[PDB]
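Below is one structure, written out as structure tokens; comments come after it.
What follows draws every value from the coordinates through simple rules; no lab data is involved. Methodologically, a virtual Cβ is constructed for each residue, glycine included, from the backbone with ideal geometry; neighbour enumeration extends over all protein chains shown.
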Amino acid sequence: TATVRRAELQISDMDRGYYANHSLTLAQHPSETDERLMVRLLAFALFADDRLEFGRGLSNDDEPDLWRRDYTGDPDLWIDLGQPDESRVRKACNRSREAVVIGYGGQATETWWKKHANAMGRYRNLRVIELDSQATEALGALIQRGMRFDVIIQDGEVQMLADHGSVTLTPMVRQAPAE
Amino acid sequence: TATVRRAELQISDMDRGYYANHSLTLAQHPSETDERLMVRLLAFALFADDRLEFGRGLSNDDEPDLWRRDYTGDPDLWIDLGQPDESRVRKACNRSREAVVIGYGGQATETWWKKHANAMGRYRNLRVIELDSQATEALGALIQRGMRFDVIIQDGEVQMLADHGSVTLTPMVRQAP
């Protein structure tokens, strides 16, 4: 039994020049924790677009957790949460204009990076970011069936502000595509 | 007219606890020696951040060699290479959260420090480092149009490793916040 959540995001991104409002619906898979759901919501806010959509990346074969696809269907942006294996990383870079991995697993994610850092330099269209695990776990505690967040982004720092609590974190960029 | 230099850096910095890969394009100003191009690439590695940028070149006096700026436009980090005037350092320190002076050149740097130590000590947000001139010269000889370096930093010692060569150095911290 999946459960559907509503999320309203009022986004103020100083870094992007992005100000918009998003009325979202998220189906929480039975295997998806509250923490992972909120990381997906946060991911949407970090990359928010009129055309960004949640994929069903948890019936895990073909889709990312989030994606923006061009007007002919091909992925422009492919976002996978967690610690995808090498083949999943390779696939995403090969399949999409930009691929993003968003890790949040604490020591596991640092160890994963140091293990694969030399390797992942082989990709030029990959963005790897790491979120502090204690912050994501605090963010998961703010989960509700009907949510409203101000997402304030400024100088690489993100605040997720609701009437019932707040979490602020600074995503760590391990790798970004060449501009 | 600028010479386009691409560089990939794979940084493992055990002193900052900073681990990241960076893909950069530098414009080697026609007046910029290969040595100081590589010093500038090294300066990025020493202070690497996703929001660290290269300033415009010798063509523009008034920008630092590298900087990180806030949404406001205030420099969070201000980095000058060589022997800047004390008045320029004073102004940089006043407008930026931290300013950095990276000395390279050899005998140029020591005398600049013999003259300026006192006045610069009253800017408590200033960092001043000196790079050995033998090392920066060796670093410059490793220049190419498409460069890939592993950068390992531990206990103040930096190793820049490429397929075609390696350089090790220990920057000398003359002043720090």
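Give me the one-decimal nm value for the distance between modelled label points at residue A:116 and residue B:161, 7 Å along each residue's Cα-to-Cβ direction.
Spacing of the two 7 Å Cα→Cβ label points: 2.2 nm.
Across bins of 5 angstrom width beginning at 0, how are the C-alpha pair distances of the stretch A:57-136 distributed, in whole percent?
Over the stretch A:57-136, the share of Cα pairs per 5 Å bin runs 3, 15, 27, 24, 18, 9, 3, 1 percent.
Give me P(r) over the stretch A:35-85, computed from all C-alpha to C-alpha distances, binned every 10 Å, as integer percentages.
In whole percents, the pair-distance histogram is 25, 59, 16, 0.
Relative to the longest principal axis of chain A, what angle (0 to 90°, nearest 10) does the C-alpha long axis of helix A:34-46 take?
80
So how do A:155, B:80 line up by other beta-carbon neighbours within 10 Å, fewest first?
Listing A:155, B:80 from fewest to most nearby Cβ atoms yields A:155, B:80.
Helix-only estimate, please: 222 nm mean residue ellipticity of the protein assembly as shown, summing -39500 (n - 2.57) across DSSP H runs of length 4 or more and dividing by its residues, to the nearest 500.
-7500 deg cm²/dmol
Sorted by packing (mean other beta-carbon atoms within 10 Å per residue), highest first, where do B:40-46, A:33-39 land?
B:40-46, A:33-39
Once you treat every alpha carbon in the protein assembly as shown as an equal point and sum by Debye, what is log10 I(q)/I(0) at q = 0.08, 0.11, 0.13 Å⁻¹?
-0.46, -0.82, -1.07
Evaluate E = 1/(1 + (r/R0)^6) for residue B:59 and residue B:145, where r is the Cβ-Cβ distance and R0 equals 22 Å; express this FRET efficiency to the nearest 0.05.
E(calc), rounded to 0.05, equals 0.60.
Using the Kirkwood radius built from alpha carbon pairs, what does the Stokes-Einstein equation give as D for the stretch A:21-179 at 10 °C and 1.306 mPa s, in µm² per second?
The diffusion coefficient I find is 98 µm²/s.
Rounded, prolate or oblate: pick one for the stretch A:1-66, where a ≥ b ≥ c are the square roots of the eigenvalues of its C-alpha gyration tensor, a/c under 1.5 means rounded, and failing that, prolate if a/b is larger than b/c, else oblate.
prolate
Treating cross-link reach as a plain straight distance, find the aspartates and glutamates whose alpha-carbon is under 17 Å from the alpha-carbon of residue A:115, omitting any fewer than eight places away in the same chain.
Those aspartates and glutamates meeting the cut-off are A:85, A:86, A:130, B:13, B:150.
Restrict the search to the stretch B:98-177; then list the chymotrypsin sites (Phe, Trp or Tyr not before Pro) that DSSP places in a loop and that have at most 15 other Cβ atoms within 10 Å of their Cβ.
In loop regions of the stretch B:98-177 (DSSP not H, G, I, E or B), there are no sparsely surrounded chymotrypsin sites (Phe, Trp or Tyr not before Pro).
For a footprinting-style exposure proxy, rank A:68, A:122 by other Cβ within 10 Å, fewest first.
With the sparsest Cβ surroundings first, the list reads A:122, A:68.
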